[PDB]
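Below is one structure, written out as structure tokens; the observations come after it.
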Protein chains: 2
Amino acid sequence: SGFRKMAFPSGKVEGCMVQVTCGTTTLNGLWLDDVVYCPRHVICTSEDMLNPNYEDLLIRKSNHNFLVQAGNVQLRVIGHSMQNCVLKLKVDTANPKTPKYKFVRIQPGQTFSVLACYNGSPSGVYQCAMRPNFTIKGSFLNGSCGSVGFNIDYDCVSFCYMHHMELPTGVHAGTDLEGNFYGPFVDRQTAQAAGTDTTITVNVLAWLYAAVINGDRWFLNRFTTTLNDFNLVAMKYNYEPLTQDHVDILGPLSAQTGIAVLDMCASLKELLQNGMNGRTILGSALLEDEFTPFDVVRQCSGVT
Amino acid sequence: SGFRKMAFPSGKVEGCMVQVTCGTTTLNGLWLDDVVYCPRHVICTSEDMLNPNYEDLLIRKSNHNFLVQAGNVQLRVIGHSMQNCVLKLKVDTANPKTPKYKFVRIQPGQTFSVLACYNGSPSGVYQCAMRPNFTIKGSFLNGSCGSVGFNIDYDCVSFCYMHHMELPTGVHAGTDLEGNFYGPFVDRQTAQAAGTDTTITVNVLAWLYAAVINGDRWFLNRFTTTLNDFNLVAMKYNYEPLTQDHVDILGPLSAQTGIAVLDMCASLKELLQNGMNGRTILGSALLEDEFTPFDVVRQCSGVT
Ligand SMILES: CC(=O)Nc1ccc(Oc2ncccn2)cc1
Ligand SMILES: CC(=O)Nc1ccc(Oc2ncccn2)cc1
């Protein structure tokens, strides 16, 4: 029993982290097979960042201007290309620790672990969600760029995120491992205002299930609701609309607990309208939205 | 910027996790050098657990009754002893992945990462504190016993916890790696009521510092207080007494932010007396007490 914000074990990703230096910029790269992936803004000064022309900056760089260090051993760069907002550095050595891996582009509301790194050295791991405005609320200092977000399915690491930017509001923007930004963000130091940070309704319901399963039941009420009725209250509270797909996804938690999804919706409706009245749910004073239904089932069943 | 509940990278501990089976009980062991550490209740049936005589149960066991599996390779057990509440199984092979390590007994209020495991396979990592009543609020299902808590200093893993028990109230009890329980708890399935779960005041102040450093400043007030005055309010709110040692420990955060410790105490005093009024601090609706001053300095400076 007990329910924790749990990251995936980080070991398989720790074995992929390298330091990339281009002139006076150092940040992190991901070494998979004989390729190192890193933010293309490694080639930028902080002055470059105000209005970089990446293609033009890049022409001045040779393979030997990219210094790749894995632990305290330098890798030899034998090729470099730009793919969208990532650089791919071909090195002469396949990472001996390459795990089985996929590159996946996640949808907003999906959760992932981040291995926060500096000079290619891991400092910590934490669990995130891709917010509905395609930001993440990370912990990222200068030198953390190239830190990656991932899920693990048994032995297969699915890489979903690479850290590129802190927006002036202190939230985080980044790309998939094809170098495409999540949302409308760009690797330029300019005004970039995120949209509404809505609450991931389906994740909140999952976490209310997780709570019931762990003995926190005070918020269970006598009411039900309908998707359309619930969704009027969701709109009012900057909660994502709930779809029949979300209902279906919560089906197994519904089954395990014997609480119909729409009953738990009515419970959430009362929490939104009445607040917590100084009470907590799984040790939180607010409604947690960074557990997916899959996360709740994994953690509550004990998947390794 | 941003501030996250961050675990240590788990890789060095993942390389130490094995499965220990004694008859029909399977749980996790820690393989360091040629020794595997595990809860001594591996030798118990769930019936044994109601009133186990460990010495008497243990006499019936031979080296070959202990099945140690590292990945899908069996280790050969050449010795077993009981030390307090842990079994030490001598195996004929030194773990090739043994990191530099220490066994340390932490004090209440100190934080650590847990690698939650099942059948010797890691499922996740999360950050904890030893509560002032010597419990932890973990996430631990059946088969999770032998899962360990640790800090890392650069390359040296300090092991501080091994998971033994879920108390009837759903909180967690365990030992150091010498097999001594934190607090008054015992490896027996019986009424064991934890004391008052007080809030780790020094950790809350550290986290208010972390917040100020990350731009959450709304709770900064015009008041100061004294240790004795603050401590009257702490008592009332089941907060640990603040000592001059805690003040000293917060000194560097004080220096970095230019907010005297007693001013931040007066800020906390107002939060305790007035509550949050529906506001948040680093995305929490309650005062977080599972960051140490060391944790705040590490995460805010970027230590790897
Ligand atoms: C686009 C730019 O500004 N400079 C650049 C041009 C061609 C390049 O050649 C290349 N090499 C290996 C694989 C793929 N591509 C690399 C970098
Ligand atoms: C205490 C008990 O009930 N049974 C037991 C007795 C002596 C033991 O010998 C031993 N062997 C190696 C190192 C240290 N000790 C082991 C287990």
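The numbering of chain A matches Swiss-Prot: 3264-3567, in order.
So how was this one determined? The header says X-ray crystallography, 1.9 Å.
Each residue, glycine too, has its Cβ placed from N, Cα and C.
These come from Swiss-Prot:
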type	residues	note
ACT_SITE	A:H3304	active site, for 3CL-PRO activity
ACT_SITE	A:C3408	active site, nucleophile
CROSSLNK	A:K3268	ubiquitin cross-link
CROSSLNK	A:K3353	ubiquitin cross-link
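When the CA atoms are compared, the recorded positions lying within 10 A of the residue listed as 'active site, nucleophile' are A:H3304, out of the candidates A:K3268, A:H3304, A:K3353.
Listed in sequence order, the residues of the same chain lying 6 or more apart from A:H3304 (active site, for 3CL-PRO activity) and placing their CB within less than 8 Å of its CB are A:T3288, A:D3311, A:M3312, A:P3315, A:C3348, A:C3408, A:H3427, A:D3450. According to DSSP, the residue listed as 'active site, for 3CL-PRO activity' is assigned to a helical segment.
Counting only residues at least six positions away in the same chain, the Cβ atoms of A:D3297, A:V3298, A:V3340, A:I3341, A:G3342, A:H3343 sit under 8 Å from the Cβ of A:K3353 (ubiquitin cross-link). Among the recorded positions A:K3268, A:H3304, A:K3353, A:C3408, the ones with a Cβ under 8 Å from a Cβ of chain B are A:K3268.
Under the DSSP three-state reduction, A:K3353 (ubiquitin cross-link) is assigned to strand.
Contacts of A:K3268 (ubiquitin cross-link) defined by a Cβ separation under 8 A and a same-chain sequence distance of 6+ are given as A:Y3389, A:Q3390, A:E3551, A:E3553, A:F3554, in order along the sequence.
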